[PDB]
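Participant: in the first instance, please consider these chains from the complex; the rest will follow:
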Amino acid sequence: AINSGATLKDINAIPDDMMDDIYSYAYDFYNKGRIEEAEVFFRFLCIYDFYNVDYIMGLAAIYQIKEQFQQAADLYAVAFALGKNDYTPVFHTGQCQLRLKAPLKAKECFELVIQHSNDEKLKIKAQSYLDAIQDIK
């Protein structure tokens, strides 16, 4: 039988002050270089609240360091759909499409950041990438 029992036996709901504390550790383990450990905290956060741009961006940033570019890119796709005209995710999907050796999709991602973004610093990165592509093709 096993059953489950006279129980409780949750209540998986996690308090918000703890959901945030989890993010904090996810960031720390990221910064402090310990990647595979931070991939958990993120994969966890996404399992709970998947429509959070901050959590998706985190996870995607990890699949990108782990060099699993296809996955990181599909995630950035969503981070940008939840993206109220935030073009950061599109820039990185550019970096990814580049390492996936498909530079036509890559060129479009950067061209697109330049045309619609209001992040003056990001437009600079994105333009700088375009320039560096045609500089030794």
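Facilitator: Noted; the coordinates are in hand. Numbers count the residues shown, from 1 in each chain, chains lettered A, B, ... in the order given.
Participant: mind listing what the residue nearest to the spatial centre of chain A touches?
Facilitator: Most central in chain A under C-alpha atoms, centre = their mean is residue A:57, positioned 2.4 Å from the mean C-alpha point. By C-beta atoms under 8 Å, 6 or more residues apart in numbering, residue A:57 lies in contact with A:76, A:79, A:88, A:89. The C-beta positions use only the backbone N, C-alpha and C, and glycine is treated the same way.
Participant: cool, and residue A:95?
Facilitator: A:64, A:106, A:129.
Participant: so how far is the one helix or strand it maps to from its chain's centroid?
Facilitator: Per DSSP states H and E: residue A:95 is located in helix A:88-99. Centre-to-centre, helix A:88-99 and its host chain are 11 Å apart (C-alpha atoms, centre = their mean, to the nearest Å).
Participant: helices or strands up against the helix or strand that that helix is followed by?
Facilitator: Later in the chain than helix A:88-99, the nearest helix or strand by DSSP H and E is helix A:103-116. On a contact count with 3 or more C-beta pairs under 8 Å, 6 or more residues apart in numbering; DSSP states H and E, helix A:103-116 meets helix A:88-99, helix A:120-134.
Participant: tilt between the last one and helix A:103-116?
Facilitator: Computed by axes from the mean of the first three to the mean of the last three C-alpha atoms, to 10 degrees, the angle separating helix A:120-134 from helix A:103-116 equals 150 degrees.
Participant: buried stuff in helix A:120-134?
Facilitator: Judged by neighbour count (16 or more other C-beta atoms under 10 Å), helix A:120-134 contains these buried residues: A:122, A:123, A:125, A:126, A:129, A:130.
Participant: quick check: the gap between the second one and residue A:135.
Facilitator: Look at residue A:123 and residue A:135: by C-beta to C-beta, to the nearest Å, they are 18 Å apart.
Participant: one more: the first one?
Facilitator: Distance of residue A:122 to residue A:135, given as C-beta to C-beta: 20 Å.
Participant: one more chain, chain B:
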Amino acid sequence: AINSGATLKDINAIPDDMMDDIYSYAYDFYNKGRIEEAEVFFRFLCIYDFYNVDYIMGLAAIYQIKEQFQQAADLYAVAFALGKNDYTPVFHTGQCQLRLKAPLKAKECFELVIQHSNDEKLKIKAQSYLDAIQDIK
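Facilitator: Just below you will find chain B, in place on the chains above:
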């Protein structure tokens, strides 16, 4: 719309050699004193394979240090139901019921370990607790 896309986009299934590596970190963070960080790795493992005695015992051991005794005890309940006559979980449910200041339930847990367990070392702990209860009531 958002959609999800041309994707994959898992595939949450985690390789077994990684599920084990996650346990390993959960233990390390536990031993190395960093509790709240280990509570995640465990809460994660239970989210995946909840019918694992090792994972449940881990999480319960953490709720018990975090002094959330009621939750720790409900988990031990299950760790023992999956428990092929392993009475360790019942011993701790005794420690918990004690801090929940309900010493009648506590006395029964220990008496029960004494009567059915084959862990000679455990039977000594369980008996010593009983003796220490009536020694200054």
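Participant: can you get me a residue count around residue A:39?
Facilitator: 21 (other C-beta atoms under 10 Å in any protein chain shown).
Participant: with just CA atoms, put stretch A:8-17 into CSV.
Facilitator: What follows is stretch A:8-17 as a C-alpha-only set of coordinates in CSV (Å, rounded to 0.1, in the frame of the first residue of the first chain):
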residue,chain,number,x,y,z
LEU,A,8,0.8,17.4,5.4
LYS,A,9,2.9,16.6,3.5
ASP,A,10,2.8,19.8,1.8
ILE,A,11,2.0,22.5,0.8
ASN,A,12,5.0,22.7,-1.8
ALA,A,13,4.1,26.4,-1.9
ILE,A,14,7.3,28.3,-1.0
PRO,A,15,7.2,31.6,0.9
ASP,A,16,8.2,34.5,-1.2
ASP,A,17,11.0,35.7,1.1
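Participant: mind listing residues that contact it?
Facilitator: A:22, A:48, B:47, B:71, B:74, B:75, B:78 (C-beta atoms under 8 Å, 6 or more residues apart in numbering or on different chains).
Participant: can you check stretch A:77-85 too?
Facilitator: Residues contacting stretch A:77-85 (C-beta under 8 Å, 6+ apart): A:51-53, A:56-57, A:60, A:86-87, A:89-90, A:93, A:116, A:118, B:1-5, B:7.
Participant: so which residues on chain A come close to chain B?
Facilitator: Within chain A, the positions adjacent to chain B are A:2-10, A:12, A:21-22, A:25, A:36-37, A:40-41, A:43-44, A:47, A:70-71, A:74, A:77-78, A:81-82 by C-beta under 8 Å from any C-beta of the partner chain.
Participant: swap in 6 Å and give it another go.
Facilitator: A:2, A:5, A:7, A:9, A:25, A:37, A:40, A:44, A:74, A:77, A:81 (C-beta under 6 Å from any C-beta of the partner chain).
Participant: element containing the residue lying closest to the third one once chain neighbours are set aside?
Facilitator: Yep, that's residue A:7 we're talking about. In this structure, residue A:7 finds its nearest non-sequential neighbour in residue B:74, 5.3 Å apart by C-beta to C-beta, 6 or more residues apart in numbering or on different chains. Using DSSP H and E, residue B:74 maps to helix B:69-81.
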